[PDB]
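Q: Structure file entry-v6.tsv (TSV, N, CA, C and O atoms) right here:
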chain	number	residue	atom	x	y	z
A	1	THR	N	-19.35	14.23	19.20
A	1	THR	CA	-20.44	14.58	20.15
A	1	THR	C	-19.91	14.66	21.58
A	1	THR	O	-18.87	14.09	21.90
A	2	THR	N	-20.64	15.36	22.44
A	2	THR	CA	-20.25	15.51	23.84
A	2	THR	C	-18.89	16.19	23.95
A	2	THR	O	-18.27	16.54	22.94
A	3	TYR	N	-18.42	16.38	25.18
A	3	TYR	CA	-17.13	17.02	25.43
A	3	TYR	C	-16.00	16.23	24.77
A	3	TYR	O	-15.30	16.74	23.90
A	4	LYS	N	-15.84	14.98	25.19
A	4	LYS	CA	-14.79	14.12	24.64
A	4	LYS	C	-15.32	13.32	23.45
A	4	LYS	O	-16.52	13.32	23.17
A	5	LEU	N	-14.41	12.64	22.75
A	5	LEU	CA	-14.79	11.84	21.60
A	5	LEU	C	-14.89	10.36	21.98
A	5	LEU	O	-13.91	9.74	22.39
A	6	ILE	N	-16.09	9.80	21.84
A	6	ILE	CA	-16.33	8.41	22.17
A	6	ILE	C	-16.09	7.51	20.96
A	6	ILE	O	-16.49	7.83	19.84
A	7	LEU	N	-15.45	6.37	21.19
A	7	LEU	CA	-15.16	5.42	20.12
A	7	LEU	C	-15.75	4.05	20.45
A	7	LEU	O	-15.43	3.44	21.47
A	8	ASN	N	-16.63	3.56	19.57
A	8	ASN	CA	-17.26	2.26	19.76
A	8	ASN	C	-17.93	1.78	18.48
A	8	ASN	O	-18.37	2.57	17.65
A	9	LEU	N	-18.00	0.47	18.35
A	9	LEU	CA	-18.60	-0.16	17.19
A	9	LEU	C	-20.07	0.25	17.04
A	9	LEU	O	-20.59	0.31	15.93
A	10	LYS	N	-20.72	0.51	18.17
A	10	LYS	CA	-22.13	0.92	18.20
A	10	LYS	C	-22.50	1.79	17.00
A	10	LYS	O	-23.46	1.51	16.30
A	11	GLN	N	-21.73	2.85	16.77
A	11	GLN	CA	-21.99	3.76	15.65
A	11	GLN	C	-22.29	2.97	14.38
A	11	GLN	O	-23.15	3.35	13.58
A	12	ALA	N	-21.57	1.86	14.20
A	12	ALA	CA	-21.76	1.01	13.03
A	12	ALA	C	-22.96	0.09	13.23
A	12	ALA	O	-23.66	-0.24	12.27
A	13	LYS	N	-23.21	-0.30	14.47
A	13	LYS	CA	-24.33	-1.17	14.78
A	13	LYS	C	-25.63	-0.48	14.36
A	13	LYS	O	-26.56	-1.13	13.87
A	14	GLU	N	-25.68	0.83	14.54
A	14	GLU	CA	-26.84	1.62	14.17
A	14	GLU	C	-26.86	1.83	12.66
A	14	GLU	O	-27.92	1.90	12.04
A	15	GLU	N	-25.66	1.92	12.07
A	15	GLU	CA	-25.52	2.10	10.63
A	15	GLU	C	-26.34	1.05	9.88
A	15	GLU	O	-27.10	1.38	8.97
A	16	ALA	N	-26.17	-0.20	10.28
A	16	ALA	CA	-26.89	-1.31	9.66
A	16	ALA	C	-28.35	-1.31	10.07
A	16	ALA	O	-29.24	-1.49	9.24
A	17	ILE	N	-28.60	-1.10	11.36
A	17	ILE	CA	-29.97	-1.07	11.88
A	17	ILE	C	-30.81	-0.06	11.12
A	17	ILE	O	-31.95	-0.34	10.75
A	18	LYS	N	-30.24	1.12	10.87
A	18	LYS	CA	-30.94	2.17	10.14
A	18	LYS	C	-31.24	1.72	8.71
A	18	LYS	O	-32.36	1.86	8.22
A	19	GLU	N	-30.23	1.18	8.04
A	19	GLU	CA	-30.37	0.70	6.67
A	19	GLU	C	-31.29	-0.51	6.60
A	19	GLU	O	-32.05	-0.67	5.65
A	20	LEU	N	-31.21	-1.36	7.62
A	20	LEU	CA	-32.02	-2.57	7.68
A	20	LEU	C	-33.51	-2.24	7.83
A	20	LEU	O	-34.35	-2.82	7.15
A	21	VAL	N	-33.82	-1.31	8.72
A	21	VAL	CA	-35.20	-0.91	8.95
A	21	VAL	C	-35.79	-0.18	7.75
A	21	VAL	O	-36.99	-0.24	7.49
A	22	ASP	N	-34.93	0.53	7.02
A	22	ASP	CA	-35.36	1.29	5.85
A	22	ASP	C	-35.68	0.39	4.66
A	22	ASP	O	-36.43	0.78	3.77
A	23	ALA	N	-35.10	-0.81	4.62
A	23	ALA	CA	-35.33	-1.72	3.50
A	23	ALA	C	-35.46	-3.17	3.96
A	23	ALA	O	-34.79	-3.60	4.90
A	24	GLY	N	-36.30	-3.94	3.27
A	24	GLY	CA	-36.48	-5.34	3.61
A	24	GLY	C	-35.16	-6.05	3.78
A	24	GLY	O	-34.38	-6.16	2.83
A	25	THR	N	-34.88	-6.49	5.00
A	25	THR	CA	-33.61	-7.14	5.30
A	25	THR	C	-33.78	-8.36	6.20
A	25	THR	O	-34.87	-8.93	6.30
A	26	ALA	N	-32.69	-8.75	6.86
A	26	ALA	CA	-32.68	-9.88	7.78
A	26	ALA	C	-31.97	-9.50	9.07
A	26	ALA	O	-30.74	-9.38	9.10
A	27	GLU	N	-32.75	-9.28	10.13
A	27	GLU	CA	-32.21	-8.88	11.44
A	27	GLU	C	-30.86	-9.53	11.74
A	27	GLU	O	-30.01	-8.92	12.39
A	28	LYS	N	-30.67	-10.75	11.28
A	28	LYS	CA	-29.41	-11.47	11.51
A	28	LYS	C	-28.20	-10.60	11.17
A	28	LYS	O	-27.11	-10.82	11.70
A	29	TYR	N	-28.39	-9.63	10.28
A	29	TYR	CA	-27.28	-8.75	9.87
A	29	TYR	C	-26.88	-7.78	10.97
A	29	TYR	O	-25.71	-7.72	11.35
A	30	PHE	N	-27.83	-7.00	11.49
A	30	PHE	CA	-27.51	-6.04	12.54
A	30	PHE	C	-26.95	-6.74	13.78
A	30	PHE	O	-26.22	-6.14	14.56
A	31	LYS	N	-27.29	-8.01	13.94
A	31	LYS	CA	-26.81	-8.79	15.08
A	31	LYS	C	-25.41	-9.31	14.79
A	31	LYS	O	-24.59	-9.45	15.70
A	32	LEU	N	-25.15	-9.60	13.52
A	32	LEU	CA	-23.85	-10.11	13.10
A	32	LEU	C	-22.81	-9.01	13.10
A	32	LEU	O	-21.66	-9.22	13.49
A	33	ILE	N	-23.20	-7.82	12.65
A	33	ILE	CA	-22.29	-6.69	12.59
A	33	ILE	C	-22.01	-6.13	13.98
A	33	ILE	O	-20.86	-5.84	14.32
A	34	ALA	N	-23.06	-5.98	14.79
A	34	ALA	CA	-22.90	-5.46	16.14
A	34	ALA	C	-21.93	-6.33	16.94
A	34	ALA	O	-21.29	-5.86	17.89
A	35	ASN	N	-21.82	-7.59	16.55
A	35	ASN	CA	-20.93	-8.53	17.22
A	35	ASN	C	-19.48	-8.32	16.77
A	35	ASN	O	-18.54	-8.65	17.49
A	36	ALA	N	-19.31	-7.75	15.58
A	36	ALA	CA	-17.97	-7.49	15.04
A	36	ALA	C	-17.20	-6.54	15.95
A	36	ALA	O	-17.74	-5.54	16.43
A	37	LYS	N	-15.93	-6.85	16.17
A	37	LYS	CA	-15.08	-6.02	17.01
A	37	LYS	C	-14.61	-4.78	16.26
A	37	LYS	O	-14.34	-3.74	16.87
A	38	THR	N	-14.53	-4.89	14.94
A	38	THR	CA	-14.09	-3.77	14.11
A	38	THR	C	-15.27	-3.13	13.40
A	38	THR	O	-16.17	-3.82	12.92
A	39	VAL	N	-15.27	-1.80	13.34
A	39	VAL	CA	-16.34	-1.06	12.69
A	39	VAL	C	-16.37	-1.33	11.18
A	39	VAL	O	-17.44	-1.41	10.58
A	40	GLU	N	-15.19	-1.46	10.59
A	40	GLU	CA	-15.08	-1.72	9.16
A	40	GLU	C	-15.91	-2.93	8.75
A	40	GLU	O	-16.36	-3.03	7.61
A	41	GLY	N	-16.11	-3.85	9.69
A	41	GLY	CA	-16.89	-5.04	9.41
A	41	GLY	C	-18.38	-4.76	9.40
A	41	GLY	O	-19.14	-5.39	8.67
A	42	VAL	N	-18.78	-3.80	10.23
A	42	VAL	CA	-20.18	-3.42	10.33
A	42	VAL	C	-20.58	-2.46	9.21
A	42	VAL	O	-21.65	-2.59	8.62
A	43	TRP	N	-19.72	-1.49	8.93
A	43	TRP	CA	-20.00	-0.51	7.89
A	43	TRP	C	-19.99	-1.16	6.51
A	43	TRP	O	-20.70	-0.71	5.61
A	44	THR	N	-19.21	-2.22	6.36
A	44	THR	CA	-19.15	-2.93	5.08
A	44	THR	C	-20.37	-3.82	4.91
A	44	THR	O	-21.03	-3.80	3.87
A	45	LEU	N	-20.69	-4.58	5.95
A	45	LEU	CA	-21.85	-5.46	5.92
A	45	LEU	C	-23.12	-4.64	5.70
A	45	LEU	O	-24.02	-5.06	4.98
A	46	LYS	N	-23.16	-3.46	6.32
A	46	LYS	CA	-24.31	-2.58	6.19
A	46	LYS	C	-24.43	-2.09	4.75
A	46	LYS	O	-25.54	-1.89	4.24
A	47	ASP	N	-23.29	-1.93	4.09
A	47	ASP	CA	-23.28	-1.49	2.70
A	47	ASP	C	-23.99	-2.53	1.84
A	47	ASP	O	-24.68	-2.20	0.87
A	48	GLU	N	-23.83	-3.80	2.22
A	48	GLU	CA	-24.47	-4.90	1.51
A	48	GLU	C	-25.98	-4.85	1.73
A	48	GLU	O	-26.75	-5.29	0.88
A	49	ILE	N	-26.38	-4.32	2.88
A	49	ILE	CA	-27.80	-4.20	3.21
A	49	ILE	C	-28.46	-3.12	2.36
A	49	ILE	O	-29.66	-3.17	2.09
A	50	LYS	N	-27.68	-2.13	1.95
A	50	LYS	CA	-28.18	-1.03	1.14
A	50	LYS	C	-28.34	-1.46	-0.32
A	50	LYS	O	-29.23	-0.98	-1.02
A	51	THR	N	-27.48	-2.37	-0.76
A	51	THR	CA	-27.53	-2.85	-2.14
A	51	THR	C	-28.34	-4.14	-2.23
A	51	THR	O	-29.22	-4.28	-3.08
A	52	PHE	N	-28.04	-5.08	-1.34
A	52	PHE	CA	-28.74	-6.37	-1.31
A	52	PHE	C	-28.67	-7.07	-2.66
A	52	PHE	O	-29.47	-7.95	-2.95
A	53	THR	N	-27.70	-6.67	-3.48
A	53	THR	CA	-27.52	-7.27	-4.80
A	53	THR	C	-28.79	-7.11	-5.64
A	53	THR	O	-28.89	-6.18	-6.44
A	54	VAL	N	-29.73	-8.02	-5.46
A	54	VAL	CA	-30.99	-7.98	-6.21
A	54	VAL	C	-32.15	-7.62	-5.28
A	54	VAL	O	-32.11	-7.88	-4.08
A	55	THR	N	-33.20	-7.05	-5.86
A	55	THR	CA	-34.38	-6.66	-5.10
A	55	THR	C	-35.52	-7.65	-5.32
A	55	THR	O	-35.58	-8.32	-6.35
A	56	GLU	N	-36.42	-7.73	-4.34
A	56	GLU	CA	-37.56	-8.64	-4.43
A	56	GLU	C	-38.87	-7.88	-4.23
A	56	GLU	O	-39.82	-8.11	-5.01
Would you mind writing the structure in this file as structure tokens?

A:
Amino acid sequence: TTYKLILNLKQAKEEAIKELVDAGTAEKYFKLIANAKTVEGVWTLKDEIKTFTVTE
């Protein structure tokens, strides 16, 4: 996006936020991932939000 290419964890912070809002989750996740310095930590944690192992 934009002229230059921006790099930031934010992209991942939204990744979880989007998945979290779409399904019953725990805000603590988007806050935990957004705190991660590496995106791989946010995109992975967010993946857990999409599966959540079991449903309730």

Q: Taking the DSSP secondary structure from the backbone, can you list the residues of chain A that are alpha helix (DSSP H), as a PyMOL selection string?

A: chain A and resi 10-22+28-35+39-51

Q: Just want the 9 Å neighbourhood of segment 25-34 of chain A, counted on only C-alpha atoms, with same-chain residues fewer than 3 positions away dropped. Output as a VMD selection string.

A: chain A and resid 9 to 10 12 to 17 19 to 22 37 to 39 41 to 46 49 52

Q: Those same residues - N, CA, C and O atoms - I'd like them written as a PDB file, keeping the file's coordinate frame.

A:
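Written file, again_6.pdb:
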ATOM      1  N   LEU A   9     -18.000   0.470  18.350  1.00  0.00           N
ATOM      2  CA  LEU A   9     -18.600  -0.160  17.190  1.00  0.00           C
ATOM      3  C   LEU A   9     -20.070   0.250  17.040  1.00  0.00           C
ATOM      4  O   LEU A   9     -20.590   0.310  15.930  1.00  0.00           O
ATOM      5  N   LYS A  10     -20.720   0.510  18.170  1.00  0.00           N
ATOM      6  CA  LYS A  10     -22.130   0.920  18.200  1.00  0.00           C
ATOM      7  C   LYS A  10     -22.500   1.790  17.000  1.00  0.00           C
ATOM      8  O   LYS A  10     -23.460   1.510  16.300  1.00  0.00           O
ATOM      9  N   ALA A  12     -21.570   1.860  14.200  1.00  0.00           N
ATOM     10  CA  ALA A  12     -21.760   1.010  13.030  1.00  0.00           C
ATOM     11  C   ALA A  12     -22.960   0.090  13.230  1.00  0.00           C
ATOM     12  O   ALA A  12     -23.660  -0.240  12.270  1.00  0.00           O
ATOM     13  N   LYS A  13     -23.210  -0.300  14.470  1.00  0.00           N
ATOM     14  CA  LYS A  13     -24.330  -1.170  14.780  1.00  0.00           C
ATOM     15  C   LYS A  13     -25.630  -0.480  14.360  1.00  0.00           C
ATOM     16  O   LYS A  13     -26.560  -1.130  13.870  1.00  0.00           O
ATOM     17  N   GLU A  14     -25.680   0.830  14.540  1.00  0.00           N
ATOM     18  CA  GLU A  14     -26.840   1.620  14.170  1.00  0.00           C
ATOM     19  C   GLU A  14     -26.860   1.830  12.660  1.00  0.00           C
ATOM     20  O   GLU A  14     -27.920   1.900  12.040  1.00  0.00           O
ATOM     21  N   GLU A  15     -25.660   1.920  12.070  1.00  0.00           N
ATOM     22  CA  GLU A  15     -25.520   2.100  10.630  1.00  0.00           C
ATOM     23  C   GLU A  15     -26.340   1.050   9.880  1.00  0.00           C
ATOM     24  O   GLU A  15     -27.100   1.380   8.970  1.00  0.00           O
ATOM     25  N   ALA A  16     -26.170  -0.200  10.280  1.00  0.00           N
ATOM     26  CA  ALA A  16     -26.890  -1.310   9.660  1.00  0.00           C
ATOM     27  C   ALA A  16     -28.350  -1.310  10.070  1.00  0.00           C
ATOM     28  O   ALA A  16     -29.240  -1.490   9.240  1.00  0.00           O
ATOM     29  N   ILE A  17     -28.600  -1.100  11.360  1.00  0.00           N
ATOM     30  CA  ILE A  17     -29.970  -1.070  11.880  1.00  0.00           C
ATOM     31  C   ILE A  17     -30.810  -0.060  11.120  1.00  0.00           C
ATOM     32  O   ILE A  17     -31.950  -0.340  10.750  1.00  0.00           O
ATOM     33  N   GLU A  19     -30.230   1.180   8.040  1.00  0.00           N
ATOM     34  CA  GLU A  19     -30.370   0.700   6.670  1.00  0.00           C
ATOM     35  C   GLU A  19     -31.290  -0.510   6.600  1.00  0.00           C
ATOM     36  O   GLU A  19     -32.050  -0.670   5.650  1.00  0.00           O
ATOM     37  N   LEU A  20     -31.210  -1.360   7.620  1.00  0.00           N
ATOM     38  CA  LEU A  20     -32.020  -2.570   7.680  1.00  0.00           C
ATOM     39  C   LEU A  20     -33.510  -2.240   7.830  1.00  0.00           C
ATOM     40  O   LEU A  20     -34.350  -2.820   7.150  1.00  0.00           O
ATOM     41  N   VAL A  21     -33.820  -1.310   8.720  1.00  0.00           N
ATOM     42  CA  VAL A  21     -35.200  -0.910   8.950  1.00  0.00           C
ATOM     43  C   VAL A  21     -35.790  -0.180   7.750  1.00  0.00           C
ATOM     44  O   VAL A  21     -36.990  -0.240   7.490  1.00  0.00           O
ATOM     45  N   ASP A  22     -34.930   0.530   7.020  1.00  0.00           N
ATOM     46  CA  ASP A  22     -35.360   1.290   5.850  1.00  0.00           C
ATOM     47  C   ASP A  22     -35.680   0.390   4.660  1.00  0.00           C
ATOM     48  O   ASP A  22     -36.430   0.780   3.770  1.00  0.00           O
ATOM     49  N   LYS A  37     -15.930  -6.850  16.170  1.00  0.00           N
ATOM     50  CA  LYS A  37     -15.080  -6.020  17.010  1.00  0.00           C
ATOM     51  C   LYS A  37     -14.610  -4.780  16.260  1.00  0.00           C
ATOM     52  O   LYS A  37     -14.340  -3.740  16.870  1.00  0.00           O
ATOM     53  N   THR A  38     -14.530  -4.890  14.940  1.00  0.00           N
ATOM     54  CA  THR A  38     -14.090  -3.770  14.110  1.00  0.00           C
ATOM     55  C   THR A  38     -15.270  -3.130  13.400  1.00  0.00           C
ATOM     56  O   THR A  38     -16.170  -3.820  12.920  1.00  0.00           O
ATOM     57  N   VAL A  39     -15.270  -1.800  13.340  1.00  0.00           N
ATOM     58  CA  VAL A  39     -16.340  -1.060  12.690  1.00  0.00           C
ATOM     59  C   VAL A  39     -16.370  -1.330  11.180  1.00  0.00           C
ATOM     60  O   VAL A  39     -17.440  -1.410  10.580  1.00  0.00           O
ATOM     61  N   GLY A  41     -16.110  -3.850   9.690  1.00  0.00           N
ATOM     62  CA  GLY A  41     -16.890  -5.040   9.410  1.00  0.00           C
ATOM     63  C   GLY A  41     -18.380  -4.760   9.400  1.00  0.00           C
ATOM     64  O   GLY A  41     -19.140  -5.390   8.670  1.00  0.00           O
ATOM     65  N   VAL A  42     -18.780  -3.800  10.230  1.00  0.00           N
ATOM     66  CA  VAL A  42     -20.180  -3.420  10.330  1.00  0.00           C
ATOM     67  C   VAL A  42     -20.580  -2.460   9.210  1.00  0.00           C
ATOM     68  O   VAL A  42     -21.650  -2.590   8.620  1.00  0.00           O
ATOM     69  N   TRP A  43     -19.720  -1.490   8.930  1.00  0.00           N
ATOM     70  CA  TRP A  43     -20.000  -0.510   7.890  1.00  0.00           C
ATOM     71  C   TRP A  43     -19.990  -1.160   6.510  1.00  0.00           C
ATOM     72  O   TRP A  43     -20.700  -0.710   5.610  1.00  0.00           O
ATOM     73  N   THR A  44     -19.210  -2.220   6.360  1.00  0.00           N
ATOM     74  CA  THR A  44     -19.150  -2.930   5.080  1.00  0.00           C
ATOM     75  C   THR A  44     -20.370  -3.820   4.910  1.00  0.00           C
ATOM     76  O   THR A  44     -21.030  -3.800   3.870  1.00  0.00           O
ATOM     77  N   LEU A  45     -20.690  -4.580   5.950  1.00  0.00           N
ATOM     78  CA  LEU A  45     -21.850  -5.460   5.920  1.00  0.00           C
ATOM     79  C   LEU A  45     -23.120  -4.640   5.700  1.00  0.00           C
ATOM     80  O   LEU A  45     -24.020  -5.060   4.980  1.00  0.00           O
ATOM     81  N   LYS A  46     -23.160  -3.460   6.320  1.00  0.00           N
ATOM     82  CA  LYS A  46     -24.310  -2.580   6.190  1.00  0.00           C
ATOM     83  C   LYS A  46     -24.430  -2.090   4.750  1.00  0.00           C
ATOM     84  O   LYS A  46     -25.540  -1.890   4.240  1.00  0.00           O
ATOM     85  N   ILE A  49     -26.380  -4.320   2.880  1.00  0.00           N
ATOM     86  CA  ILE A  49     -27.800  -4.200   3.210  1.00  0.00           C
ATOM     87  C   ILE A  49     -28.460  -3.120   2.360  1.00  0.00           C
ATOM     88  O   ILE A  49     -29.660  -3.170   2.090  1.00  0.00           O
ATOM     89  N   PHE A  52     -28.040  -5.080  -1.340  1.00  0.00           N
ATOM     90  CA  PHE A  52     -28.740  -6.370  -1.310  1.00  0.00           C
ATOM     91  C   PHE A  52     -28.670  -7.070  -2.660  1.00  0.00           C
ATOM     92  O   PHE A  52     -29.470  -7.950  -2.950  1.00  0.00           O
TER      93      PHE A  52
END

Q: Atom CA of residue 50 of chain A to atom CA of residue 36 of chain A: how many Å, to one decimal?

A: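 Atom CA of residue 36 of chain A lies at a distance of 18.4 Å from atom CA of residue 50 of chain A.
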
Q: So how many Å separate atom O of residue 54 of chain A and atom C of residue 24 of chain A, to one decimal?

A: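 Distance between the two atoms: 8.6 Å.
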